[PDB]
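Written out below as structure tokens is the structure these notes cover.
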Amino acid sequence: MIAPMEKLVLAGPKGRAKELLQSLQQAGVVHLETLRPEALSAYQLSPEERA
Amino acid sequence: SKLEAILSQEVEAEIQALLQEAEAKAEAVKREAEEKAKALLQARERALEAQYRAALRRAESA
């Protein structure tokens, strides 16, 4: 039996975004999604984080 | 909501610290201008007092 595979939506601030993505990536049991077209930007990340 | 309160409170306090920085900058602009104004007034008063002393010496010579 294939698992029912629920959806997980999160939000918040961006220093907390990097920190919660760290804490979500340490317990790595989640798949990702683009979530572009509605009401938000494509998130060009940062220049210093790109370096 | 709760996350609205978090985001608004935190980065609005950041904006408030930015406004405090701007007001400190404006105060540092005004301070040196007041210093130059009072120094100009004192130099003008000194030149006037030297002028009046020279006028008194001229009156004494006459």
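Letters A, B, ... go to the chains of the structure tokens in the order shown; residues in each chain start at 1; ligands are counted from 1 in the same order.
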| said: Residues of chain A within 9 Å of chain B, counting only C-alpha atoms - could you list those as a PyMOL selection string? | reply: chain A and resi 11-13
Would you mind exporting the chosen residues as an mmCIF file, in the first residue's frame, restricted to N, CA, C and O atoms?
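Wrote it out as again-v8.cif, contents follow:
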data_model
loop_
_atom_site.group_PDB
_atom_site.id
_atom_site.type_symbol
_atom_site.label_atom_id
_atom_site.label_comp_id
_atom_site.auth_asym_id
_atom_site.auth_seq_id
_atom_site.Cartn_x
_atom_site.Cartn_y
_atom_site.Cartn_z
ATOM 1 N N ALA A 11 5.835 28.733 6.321
ATOM 2 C CA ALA A 11 6.055 30.142 6.016
ATOM 3 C C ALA A 11 6.956 30.736 7.094
ATOM 4 O O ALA A 11 7.432 30.029 7.984
ATOM 5 N N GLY A 12 7.225 32.040 6.989
ATOM 6 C CA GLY A 12 7.902 32.752 8.063
ATOM 7 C C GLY A 12 8.942 33.778 7.640
ATOM 8 O O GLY A 12 8.863 34.343 6.555
ATOM 9 N N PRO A 13 9.912 34.070 8.504
ATOM 10 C CA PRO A 13 11.024 34.950 8.128
ATOM 11 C C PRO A 13 12.230 34.185 7.586
ATOM 12 O O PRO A 13 12.332 32.962 7.705
#
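Running DSSP on the backbone and keeping only helix (DSSP H, G or I), the residues of chain A that qualify are residues 14, 15, 16, 17, 18, 19, 20, 21, 22, 23, 24, 25, 26, 47, 48, 49 and 50 of chain A.
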| request: Figure out the distance between CA of residue 36 (chain A) and CA of residue 5 (chain B), please, to one decimal in Å. | output: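 Those two atoms sit 25.0 Å apart.
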| query | In Å, how far is it from CA of residue 38 (chain A) to CA of residue 17 (chain A)? | reply | 19.4 Å
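Between CA of residue 54 (chain B) and CA of residue 38 (chain B) lies a distance of 24.5 Å.
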